[PDB]
Amino acid sequence: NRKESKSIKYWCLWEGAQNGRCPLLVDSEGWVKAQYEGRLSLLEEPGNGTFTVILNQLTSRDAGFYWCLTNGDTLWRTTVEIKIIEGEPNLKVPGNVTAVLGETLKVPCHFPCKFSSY
Amino acid sequence: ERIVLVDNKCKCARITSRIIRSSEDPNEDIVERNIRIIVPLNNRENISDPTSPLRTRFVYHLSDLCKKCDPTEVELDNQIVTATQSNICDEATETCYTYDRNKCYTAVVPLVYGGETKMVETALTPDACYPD
Amino acid sequence: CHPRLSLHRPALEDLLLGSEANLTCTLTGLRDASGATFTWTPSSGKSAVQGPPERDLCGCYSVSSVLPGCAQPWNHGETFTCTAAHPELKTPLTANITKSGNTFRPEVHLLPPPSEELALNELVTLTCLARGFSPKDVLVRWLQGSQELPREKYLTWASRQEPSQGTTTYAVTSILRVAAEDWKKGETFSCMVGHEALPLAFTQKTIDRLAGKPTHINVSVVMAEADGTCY
Amino acid sequence: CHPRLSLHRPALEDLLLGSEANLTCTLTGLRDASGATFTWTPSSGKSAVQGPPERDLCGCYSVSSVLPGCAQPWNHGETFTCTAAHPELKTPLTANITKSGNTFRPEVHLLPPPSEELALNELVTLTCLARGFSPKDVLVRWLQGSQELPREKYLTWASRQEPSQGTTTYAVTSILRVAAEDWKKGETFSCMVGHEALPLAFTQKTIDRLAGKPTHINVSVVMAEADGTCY
Ligand SMILES: *[C@@H]1O[C@H](CO)[C@@H](O[C@@H]2O[C@H](CO)[C@@H](O[C@@H]3O[C@H](CO)[C@@H](O)[C@H](O)[C@@H]3O)[C@H](O)[C@H]2NC(C)=O)[C@H](O)[C@H]1NC(C)=O
Ligand SMILES: *[C@@H]1O[C@H](CO)[C@@H](O)[C@H](O)[C@H]1NC(C)=O
Ligand SMILES: *[C@@H]1O[C@H](CO)[C@@H](O)[C@H](O)[C@H]1NC(C)=O
């Protein structure tokens, strides 16, 4: 809600084991879970009605139901389902890049041609 | 009277429909279509004040009532494409027959204040023009 | 015999659903399949790799090439200037290509099935007719519910030009046969059409059994002296 | 160069109307000059015309001739042997042409106009459709009342085959655009279809207004002093 813009934002993952539980994964104040290191972050843009969250390096066990929740007085809780279907990633990067001791590195990253205006 | 096909507010018309299926003789069923028109007997032709007499002729075309143009999303192979849903809504120019309860309508009238004249604004539906 | 040079446009399918607008450049009418060099005037990703000297009139030489490069300049109206310099001629000759103007956008219509075909309870036909478009390229896909049907379940004809009401326009048709059980149950079917003159490049029409000819019609006209606000 | 397989039957557009049936059978493969040899095993008073050659793949030639034998031997089942000979290798794959079997009839539907075009007062459009016939030869004509329209007012696509279950069948469409004043007068229109698996060689369908009219109409007028609108 626009009238609650000074809130604190959270991102759950619905466990469904015992009765139902939110382990929190990332907050708007600078904390993330341990096992989701390097693959999760919360972003404040575009703002004014909406925030976004980025989750990459997917695996087929990452499917499930996910919750988001604010800190204000009126709480909409919104649920989205992440499905996993098979295919190929658009952007293309190498494997896990090492480093030399005493000289430079360079790492490439392609993109296809529908992303030519982005 | 079960599934709403259109509920239009510039012309104030509503159309529902329903399949009611007999089990005997499966070659023939019946499909119902209900139309409701509400005719305003005291509106002008253009919506300003001094325009013209009472509108006395009311014309409804079914292809312009049911017209749907806000875009949609279609998934073709693994892609999300935006499509339009109609041929005919080139941008308004539609003549409305009634007011709409969630939009507000104003007019501009010149009056005098001793010296020169101003450009006073006037509400035509006062329930909906409250500035908040 | 005679050597000539011809230039084809990019296909419609990879321009809309993708963006990779590979071009081509064909000369035919030679018999010595080693000497050929091509030249384009805009060439930043210049590595245009030539194609195989494939079959011709009883196994003669006929060679072409491909320039990669995706679909941002083609929509703004650039130009491309392939020329050939083979040794079986004493002249380099050139043609060009440009995204054409003077275009019109099509009008799409879906037609409900015929009445006599529903009385037999076997299969029913849906027809998709698109009309009045100025280039000669179009797409037609079909969908069930929100699921796209595979391409081998429907038949699509070719694009031809219609009788002249002054300026030239074209037409195309397509049919799809579905089971007469889920038509009467109430599933929905869509016909989608893609063409270059439409603003969002796509348009859709959806039909089902409720949005067709009804058997019964109830009309209720209510006269309202009260107000003109339409609650 | 290399000999191939080619076929040419009598024309249906002259077989259903007149009796000017001409047989012309083909066998090509061009390396040598005129070494002409025939097979016309019924030759009962026919003289085969021959003429000049025409253009081919830069040097080659090909030959054929015509027999006017329309005394009904073709729709009986004569086999009308086609077999070449030359000072060359005496191993042909041969052509033996007859009226074919396992034939099916077409099923013809004629569709009404879309209601979007009616409410604009311009030209309106009609659609003919036939599907399910076993050889791919068909004729399509239009009528207005009893007058056959000239065949440059309407567009007809080709004849293509369908996705199916075992048995193979074909389909074809056509359209005709008329003025809305002629539709709203009450003038009728018709689509005629010719095919050789039909017993009388023709079928018709006819359309106008008042064809898909509904059979029940309820009109209730609610006066003043009785408004009871619900949200
Ligand atoms: C129905 O009536 C309304 C009310 O008269 C019409 O709207 C207004 O029509 C006037 C007359 O041309 C337009 O005048 C313009 O006003 C501006 C000031 O805003 C002035 O600077 C211009 O020089 C010009 O005189 C005005 O654009 C227009 N719209 C408004 C005020 O929002 C309306 O056009 C009528 N509709 C029909 C179909 O007759
Ligand atoms: C482009 O084509 C036009 C007409 O075909 C002609 O001016 C010439 O062949 C080409 N001109 C340029 C500048 O490429
Ligand atoms: C006609 O030629 C074909 C070519 O293979 C052959 O299969 C067929 O048997 C021939 N007809 C007769 C009657 O021999």
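We count from 1, first residue shown onward.
Including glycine, each Cβ sits where the backbone N, Cα and C put it.
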Subject >> Selected from D:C1, D:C25, D:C58, D:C128: Swiss-Prot disulphide partner of D:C82 >> reply: D:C25
**OP:** Tell me, from D:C60, D:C191, which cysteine Swiss-Prot puts in a disulphide with D:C128.
**Re:** D:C191
**OP:** Look up D:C25 (disulfide bond) in the DSSP assignment and reduce it to helix, strand or coil.
**Re:** coil
Subject >> Of the recorded positions listed as D:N22, D:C25, D:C58, D:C82, the one whose CA lies nearest the CA of D:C191 (disulfide bond) >> reply: D:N22
**OP:** Could you state the whole-number distance in Å separating the C-alpha atoms of D:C82 (disulfide bond) and D:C58 (disulfide bond)?
**Re:** 26
Original post:
Can you tell which of D:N22, D:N96 has the most other C-beta atoms within 10 Å, given these are the glycosylation sites?
Top reply: D:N22
Original post:
Out of D:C1, D:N22, D:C58, D:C82, D:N96, D:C191, which recorded positions lie by ligand 3, with a C-beta less than 6 Å from some atom of it?
Top reply: D:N96
**OP:** Pick the one among the disulfide-bonded residues D:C1, D:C25, D:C191 whose Cβ has the fewest other Cβ atoms within 10 Å in this structure.
**Re:** D:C1
